[PDB]
>>> print(open('coords.cif').read())   # mmCIF, C-alpha atoms
data_data
#
loop_
_atom_site.group_PDB
_atom_site.id
_atom_site.type_symbol
_atom_site.label_atom_id
_atom_site.label_comp_id
_atom_site.auth_asym_id
_atom_site.auth_seq_id
_atom_site.Cartn_x
_atom_site.Cartn_y
_atom_site.Cartn_z
ATOM 1 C CA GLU A 8 12.227 -35.415 -103.005
ATOM 2 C CA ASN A 9 12.684 -36.815 -99.497
ATOM 3 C CA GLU A 10 12.424 -40.545 -100.357
ATOM 4 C CA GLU A 11 14.862 -43.395 -100.948
ATOM 5 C CA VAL A 12 14.044 -46.247 -103.326
ATOM 6 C CA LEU A 13 14.066 -49.620 -101.536
ATOM 7 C CA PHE A 14 12.800 -51.572 -104.566
ATOM 8 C CA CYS A 15 12.034 -50.737 -108.203
ATOM 9 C CA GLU A 16 10.671 -53.113 -110.839
ATOM 10 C CA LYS A 17 8.132 -53.503 -113.657
ATOM 11 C CA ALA A 18 4.867 -54.825 -112.206
ATOM 12 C CA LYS A 19 1.265 -55.445 -113.142
ATOM 13 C CA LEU A 20 -1.552 -54.635 -110.766
ATOM 14 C CA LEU A 21 -4.407 -57.083 -110.511
ATOM 15 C CA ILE A 22 -7.646 -56.481 -108.599
ATOM 16 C CA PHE A 23 -10.606 -58.837 -108.051
ATOM 17 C CA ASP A 24 -13.540 -58.134 -110.374
ATOM 18 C CA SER A 25 -16.833 -58.977 -108.642
ATOM 19 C CA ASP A 26 -18.499 -59.195 -112.083
ATOM 20 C CA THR A 27 -15.821 -61.443 -113.649
ATOM 21 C CA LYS A 28 -15.480 -63.306 -110.308
ATOM 22 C CA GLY A 29 -11.682 -63.219 -110.781
ATOM 23 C CA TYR A 30 -8.574 -61.020 -110.814
ATOM 24 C CA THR A 31 -8.207 -58.589 -113.710
ATOM 25 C CA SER A 32 -5.203 -56.513 -114.731
ATOM 26 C CA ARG A 33 -5.599 -52.841 -113.865
ATOM 27 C CA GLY A 34 -2.331 -51.857 -115.525
ATOM 28 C CA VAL A 35 1.402 -52.328 -115.961
ATOM 29 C CA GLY A 36 4.012 -49.904 -114.647
ATOM 30 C CA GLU A 37 7.077 -49.228 -112.512
ATOM 31 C CA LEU A 38 6.556 -50.209 -108.861
ATOM 32 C CA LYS A 39 8.678 -48.429 -106.277
ATOM 33 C CA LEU A 40 8.940 -49.110 -102.570
ATOM 34 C CA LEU A 41 9.752 -45.716 -101.066
ATOM 35 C CA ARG A 42 10.849 -44.660 -97.585
ATOM 36 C CA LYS A 43 11.292 -41.146 -96.176
ATOM 37 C CA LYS A 44 15.045 -40.603 -95.645
ATOM 38 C CA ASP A 45 14.202 -38.599 -92.492
ATOM 39 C CA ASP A 46 11.549 -40.988 -91.121
ATOM 40 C CA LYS A 47 11.970 -44.777 -91.319
ATOM 41 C CA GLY A 48 8.366 -45.209 -90.098
ATOM 42 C CA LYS A 49 7.046 -43.726 -93.345
ATOM 43 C CA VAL A 50 6.955 -46.402 -96.043
ATOM 44 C CA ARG A 51 4.732 -46.655 -99.137
ATOM 45 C CA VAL A 52 4.426 -48.236 -102.567
ATOM 46 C CA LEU A 53 3.989 -46.008 -105.612
ATOM 47 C CA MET A 54 3.194 -47.475 -109.030
ATOM 48 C CA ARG A 55 2.970 -45.335 -112.184
ATOM 49 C CA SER A 56 1.518 -46.831 -115.375
ATOM 50 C CA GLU A 57 3.439 -47.124 -118.633
ATOM 51 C CA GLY A 58 2.006 -45.111 -121.523
ATOM 52 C CA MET A 59 -0.666 -43.074 -119.761
ATOM 53 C CA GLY A 60 1.719 -42.427 -116.833
ATOM 54 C CA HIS A 61 -0.929 -42.242 -114.137
ATOM 55 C CA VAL A 62 -0.744 -43.373 -110.539
ATOM 56 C CA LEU A 63 -2.006 -46.961 -110.391
ATOM 57 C CA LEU A 64 -1.181 -47.398 -106.717
ATOM 58 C CA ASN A 65 -0.201 -45.089 -103.863
ATOM 59 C CA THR A 66 -0.620 -46.711 -100.455
ATOM 60 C CA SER A 67 1.273 -47.033 -97.162
ATOM 61 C CA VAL A 68 2.980 -50.261 -96.117
ATOM 62 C CA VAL A 69 1.044 -51.409 -93.052
ATOM 63 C CA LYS A 70 3.016 -52.935 -90.156
ATOM 64 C CA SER A 71 0.129 -55.285 -89.266
ATOM 65 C CA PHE A 72 -0.081 -56.771 -92.786
ATOM 66 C CA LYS A 73 1.705 -59.683 -94.439
ATOM 67 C CA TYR A 74 2.941 -59.060 -97.980
ATOM 68 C CA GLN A 75 3.610 -62.567 -99.142
ATOM 69 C CA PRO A 76 3.349 -64.575 -102.407
ATOM 70 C CA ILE A 77 0.074 -66.265 -103.456
ATOM 71 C CA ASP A 78 1.677 -69.666 -102.709
ATOM 72 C CA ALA A 79 4.877 -71.609 -103.383
ATOM 73 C CA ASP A 80 4.026 -72.040 -107.081
ATOM 74 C CA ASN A 81 3.453 -68.315 -107.535
ATOM 75 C CA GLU A 82 6.389 -66.499 -105.981
ATOM 76 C CA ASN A 83 6.132 -63.760 -108.573
ATOM 77 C CA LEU A 84 2.561 -62.845 -107.512
ATOM 78 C CA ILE A 85 2.447 -60.949 -104.273
ATOM 79 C CA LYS A 86 -0.683 -60.600 -102.157
ATOM 80 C CA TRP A 87 -1.066 -56.947 -101.235
ATOM 81 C CA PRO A 88 -3.639 -56.542 -98.434
ATOM 82 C CA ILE A 89 -5.336 -53.158 -98.344
ATOM 83 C CA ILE A 90 -8.221 -51.446 -96.680
ATOM 84 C CA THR A 91 -10.363 -49.986 -99.463
ATOM 85 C CA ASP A 92 -12.873 -48.301 -97.531
ATOM 86 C CA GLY A 93 -14.810 -50.472 -95.145
ATOM 87 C CA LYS A 94 -13.141 -53.714 -96.148
ATOM 88 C CA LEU A 95 -9.902 -55.717 -96.345
ATOM 89 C CA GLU A 96 -9.091 -56.486 -99.962
ATOM 90 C CA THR A 97 -6.120 -58.353 -101.364
ATOM 91 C CA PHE A 98 -4.630 -56.796 -104.497
ATOM 92 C CA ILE A 99 -2.054 -58.798 -106.388
ATOM 93 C CA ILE A 100 1.201 -57.393 -107.642
ATOM 94 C CA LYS A 101 2.691 -59.466 -110.426
ATOM 95 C CA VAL A 102 6.386 -59.236 -111.327
ATOM 96 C CA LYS A 103 8.009 -61.126 -114.180
ATOM 97 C CA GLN A 104 10.352 -63.314 -112.189
ATOM 98 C CA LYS A 105 10.119 -65.447 -109.103
ATOM 99 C CA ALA A 106 13.373 -63.856 -107.892
ATOM 100 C CA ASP A 107 11.876 -60.370 -108.270
ATOM 101 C CA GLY A 108 8.915 -61.509 -106.164
ATOM 102 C CA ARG A 109 11.201 -62.756 -103.400
ATOM 103 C CA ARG A 110 13.145 -59.447 -103.598
ATOM 104 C CA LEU A 111 9.879 -57.480 -103.175
ATOM 105 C CA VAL A 112 8.775 -59.629 -100.225
ATOM 106 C CA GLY A 113 12.235 -59.388 -98.606
ATOM 107 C CA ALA A 114 12.389 -55.609 -99.014
ATOM 108 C CA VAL A 115 8.865 -55.078 -97.609
ATOM 109 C CA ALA A 116 9.646 -57.328 -94.613
ATOM 110 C CA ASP A 117 12.976 -55.550 -94.005
ATOM 111 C CA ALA A 118 11.207 -52.192 -94.283
ATOM 112 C CA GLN A 119 8.532 -53.352 -91.792
ATOM 113 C CA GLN A 120 11.153 -54.436 -89.224
ATOM 114 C CA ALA A 121 12.807 -50.998 -89.438
ATOM 115 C CA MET A 122 9.362 -49.344 -89.004
ATOM 116 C CA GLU A 123 9.251 -50.837 -85.477
#
>>> encode(input="coords.cif", output="structure tokens")
Amino acid sequence: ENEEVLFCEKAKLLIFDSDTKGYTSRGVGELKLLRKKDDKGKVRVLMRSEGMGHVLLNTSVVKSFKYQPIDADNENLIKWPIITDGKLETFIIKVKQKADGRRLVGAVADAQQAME
């Protein structure tokens, strides 16, 4: 494969449930930030579930988007803006530790700067 791993950690994906009126876990798995070794403008996240082993998330990092924590009390919960068709949604990526969340945010921001 033609991709380097910029970040790799256990994560949970949460997505807003219009019925529940709140965020619900869509699965737990290994989250990787991946960049094409040949093209620094090609950056994506790929998250594969534990157990079932299916793709929970496969989406490009968007230069125009901020990938930032929920707030200062929730550094381990990263807002992940995404266009799911028609509309801007915010998914949440939850990692176990605050430090992991800062790592994720740092690595996405660093990746975005190199995309320019």
>>> residues_around(input="coords.cif", residues="range 11-13 of chain A", least_positions_apart="3", cutoff="12 Å", atoms="only C-alpha atoms", output="PyMOL selection string")
chain A and resi 8+16+37-47+49-53+110-119
>>> atom_distance(input="coords.cif", atom1="CA of residue 98 in chain A", atom2="CA of residue 81 in chain A")
14.4 Å
>>> resolve_selection(input="coords.cif", expression="the PyMOL selection byres ((chain A and resi 96) around 12)", output="list in words")
residues 21, 22, 23, 24, 25, 30, 72, 86, 87, 88, 89, 90, 91, 92, 93, 94, 95, 97, 98 and 99 of chain A
>>> residues_around(input="coords.cif", residues="residue 76 in chain A", least_positions_apart="4", cutoff="6 Å", atoms="only C-alpha atoms", output="PyMOL selection string")
chain A and resi 82+84-86
>>> closest_residue(input="coords.cif", among="A:19, A:32, A:70, A:14", to="residue 109 in chain A", atoms="all atoms listed in the file")
A:14
>>> decode(input="coords.cif", residues="range 62-101 of chain A", atoms="N, CA and C atoms", output="short mmCIF file (atom, residue, chain, number, x, y, z; two decimals), in the first residue's frame")
data_model
loop_
_atom_site.label_atom_id
_atom_site.label_comp_id
_atom_site.auth_asym_id
_atom_site.auth_seq_id
_atom_site.Cartn_x
_atom_site.Cartn_y
_atom_site.Cartn_z
N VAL A 62 -15.48 -1.45 7.82
CA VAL A 62 -15.11 -0.05 7.74
C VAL A 62 -16.21 0.78 8.38
N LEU A 63 -15.87 1.42 9.50
CA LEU A 63 -16.76 2.34 10.20
C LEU A 63 -16.68 3.75 9.61
N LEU A 64 -15.49 4.13 9.16
CA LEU A 64 -15.28 5.45 8.60
C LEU A 64 -14.19 5.42 7.55
N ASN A 65 -14.45 6.06 6.42
CA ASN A 65 -13.47 6.23 5.36
C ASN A 65 -13.78 7.53 4.65
N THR A 66 -13.09 8.59 5.06
CA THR A 66 -13.39 9.94 4.57
C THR A 66 -12.12 10.78 4.49
N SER A 67 -12.07 11.68 3.51
CA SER A 67 -10.93 12.58 3.34
C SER A 67 -10.89 13.65 4.44
N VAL A 68 -9.68 14.04 4.83
CA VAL A 68 -9.47 15.22 5.66
C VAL A 68 -9.69 16.43 4.75
N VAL A 69 -10.57 17.34 5.17
CA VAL A 69 -10.88 18.50 4.36
C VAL A 69 -10.12 19.73 4.87
N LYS A 70 -9.41 20.40 3.96
CA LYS A 70 -8.58 21.55 4.33
C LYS A 70 -9.38 22.69 4.98
N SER A 71 -10.63 22.85 4.55
CA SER A 71 -11.50 23.92 5.03
C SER A 71 -12.15 23.66 6.38
N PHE A 72 -11.94 22.47 6.94
CA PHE A 72 -12.60 22.05 8.18
C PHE A 72 -11.69 22.13 9.40
N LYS A 73 -12.28 22.45 10.55
CA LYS A 73 -11.56 22.35 11.82
C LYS A 73 -11.90 21.02 12.47
N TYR A 74 -10.86 20.31 12.89
CA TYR A 74 -10.99 19.07 13.64
C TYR A 74 -10.44 19.37 15.01
N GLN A 75 -11.35 19.63 15.94
CA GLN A 75 -11.02 20.21 17.22
C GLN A 75 -11.85 19.48 18.29
N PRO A 76 -11.41 19.52 19.56
CA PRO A 76 -12.18 18.86 20.62
C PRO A 76 -13.55 19.51 20.83
N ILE A 77 -14.47 18.78 21.46
CA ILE A 77 -15.78 19.33 21.83
C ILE A 77 -15.65 20.66 22.59
N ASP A 78 -14.81 20.66 23.63
CA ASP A 78 -14.50 21.85 24.43
C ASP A 78 -13.30 21.52 25.30
N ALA A 79 -12.97 22.40 26.24
CA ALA A 79 -11.78 22.22 27.05
C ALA A 79 -11.91 21.07 28.05
N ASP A 80 -13.14 20.72 28.40
CA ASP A 80 -13.40 19.62 29.34
C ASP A 80 -13.46 18.27 28.65
N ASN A 81 -13.41 18.28 27.33
CA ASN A 81 -13.58 17.06 26.55
C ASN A 81 -12.55 16.95 25.44
N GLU A 82 -11.28 16.98 25.83
CA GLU A 82 -10.18 16.94 24.87
C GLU A 82 -10.04 15.60 24.18
N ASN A 83 -10.64 14.57 24.76
CA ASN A 83 -10.61 13.25 24.15
C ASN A 83 -11.78 12.99 23.21
N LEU A 84 -12.57 14.02 22.90
CA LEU A 84 -13.75 13.84 22.03
C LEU A 84 -13.65 14.88 20.94
N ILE A 85 -13.37 14.40 19.73
CA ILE A 85 -12.97 15.27 18.65
C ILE A 85 -14.13 15.46 17.69
N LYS A 86 -14.49 16.72 17.45
CA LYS A 86 -15.54 17.00 16.46
C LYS A 86 -14.97 16.72 15.08
N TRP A 87 -15.71 15.94 14.30
CA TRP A 87 -15.27 15.55 12.97
C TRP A 87 -16.29 16.02 11.92
N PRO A 88 -16.17 17.27 11.44
CA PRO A 88 -17.16 17.75 10.47
C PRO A 88 -17.12 16.93 9.20
N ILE A 89 -18.28 16.74 8.57
CA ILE A 89 -18.36 15.91 7.38
C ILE A 89 -19.60 16.28 6.60
N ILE A 90 -19.46 16.29 5.28
CA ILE A 90 -20.62 16.44 4.44
C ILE A 90 -21.14 15.04 4.09
N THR A 91 -22.28 14.73 4.71
CA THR A 91 -23.07 13.54 4.42
C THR A 91 -24.32 14.04 3.74
N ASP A 92 -24.56 13.46 2.58
CA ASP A 92 -24.91 14.26 1.43
C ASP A 92 -26.06 15.25 1.55
N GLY A 93 -25.73 16.48 1.16
CA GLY A 93 -26.59 17.63 1.33
C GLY A 93 -26.11 18.54 2.45
N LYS A 94 -25.65 17.94 3.55
CA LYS A 94 -25.58 18.65 4.83
C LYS A 94 -24.28 18.45 5.62
N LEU A 95 -23.85 19.50 6.32
CA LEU A 95 -22.72 19.43 7.23
C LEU A 95 -23.15 18.80 8.55
N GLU A 96 -22.55 17.65 8.85
CA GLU A 96 -22.76 16.96 10.10
C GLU A 96 -21.46 17.01 10.88
N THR A 97 -21.55 16.90 12.20
CA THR A 97 -20.39 16.73 13.04
C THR A 97 -20.44 15.34 13.66
N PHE A 98 -19.54 14.45 13.26
CA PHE A 98 -19.37 13.18 13.95
C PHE A 98 -18.47 13.47 15.14
N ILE A 99 -18.44 12.56 16.10
CA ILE A 99 -17.50 12.68 17.18
C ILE A 99 -16.65 11.43 17.26
N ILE A 100 -15.35 11.64 17.33
CA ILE A 100 -14.41 10.56 17.52
C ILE A 100 -13.92 10.62 18.97
N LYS A 101 -14.16 9.54 19.69
CA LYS A 101 -13.78 9.48 21.09
C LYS A 101 -12.57 8.58 21.24
#
